[PDB]
Ligand SMILES: C[S@@+](CC[C@H](N)C(=O)[O-])C[C@H]1O[C@@H](n2cnc3c(N)ncnc32)[C@H](O)[C@@H]1O
């Protein structure tokens, strides 16, 4: 694995079992690429499309589509470039599993870092809503804090179920199952 972050995705998929055959999968904040590697392993003899997005250029991985871009900036609809690159890949399809291991640099003021994390989470969520397939899974990392539950409740407005994982500036994942729309 290119990063020890791979083991976080292994843990997530072991518990929540979302990596399945015949799914289109997007990995946001993919650099240097270990989640992409885990996704490849777990879907080894399956038909899938695996897409990675990061503002940093990732070294290519065979059978993974990479898109350089900052979600919240390089996609057009926020609170063209990423969108048109997705269009090339997806055509008329939406994305079954959207994962985000993205994070904003810490300034060393806990509350500000949490608010910044909220802002990033909202940007990624706004982008997710455009591209997620009905029935799709969305998992997003954030710094746990005062607004986490607000965000969880917001997500419960568009998914059948939303779970907060165990904290690990502590970080959690919001695991969202079965996109239903608003
Ligand atoms: C911890 S790294 C991800 C490690 C990755 N999951 C792996 O296993 O190789 C977090 C990444 O999020 C990216 N990132 C932060 N904000 C982003 C954004 N708005 N859009 C795309 N990527 C972003 C960073 O550039 C960074 O590479």
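Just so you know, all these numbers are worked out from the coordinates, no wet-lab data involved. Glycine gets a Cβ as well: all are built from the backbone with ideal geometry, and neighbour counts include every protein chain shown.
What fraction of the Cα pairs in the chain, stated in percent, has a spacing above 28 angstrom?
Summing the P(r) of the chain above 28 Å gives 16 percent of all pairs.
Which order results if 84, 131, 154 are arranged by neighbouring Cβ count within 10 Å, fewest first?
84, 154, 131
Helix-only estimate, please: 222 nm mean residue ellipticity of the chain, summing -39500 (n - 2.57) across DSSP H runs of length 4 or more and dividing by its residues, to the nearest 500. Please report the intermediate quantities before stating the final value.
Values: 5 runs with 61 residues, N = 182.
For the chain, the value works out to -10500 deg cm²/dmol.
Just want the ordering: 148, 153, 121, from fewest to most Cβ atoms lying within 10 Å of their own Cβ.
Fewest to most other Cβ atoms nearby, the residues stand as 153, 148, 121.
Report the antiparallel proportion of the DSSP beta bridges in the chain as a percent, rounded to a multiple of 5.
Of all bridge pairs located within the chain, approximately 35 percent are antiparallel.
Please grab the % of Cα pairs in the range 41-121 that end up more than 21 Å from each other. Walk me through the numbers before you get to the answer.
Working: 1285 of 3240 pairs.
Here the tail beyond 21 Å accounts for 40 percent of pairs.
Cβ neighbours within 10 Å, averaged per peptide: list 97-107, 56-66 in order, most packed at the top.
Taking the mean over residues of other Cβ atoms within 10 Å, the ranking is 97-107, 56-66.
So, how do all the Cα-to-Cα distances of the range 1-99 break down into 10 Å bins, in percent, from 0 on up?
Once binned at 10 Å, the Cα pair distances of the range 1-99 give 16, 50, 30, 4.
In 10 Å bins starting at 0, how do the alpha-carbon pair distances of the range 84-182 split up by percent?
P(r) over the range 84-182, rounded to whole percents: 16, 47, 27, 9, 0.
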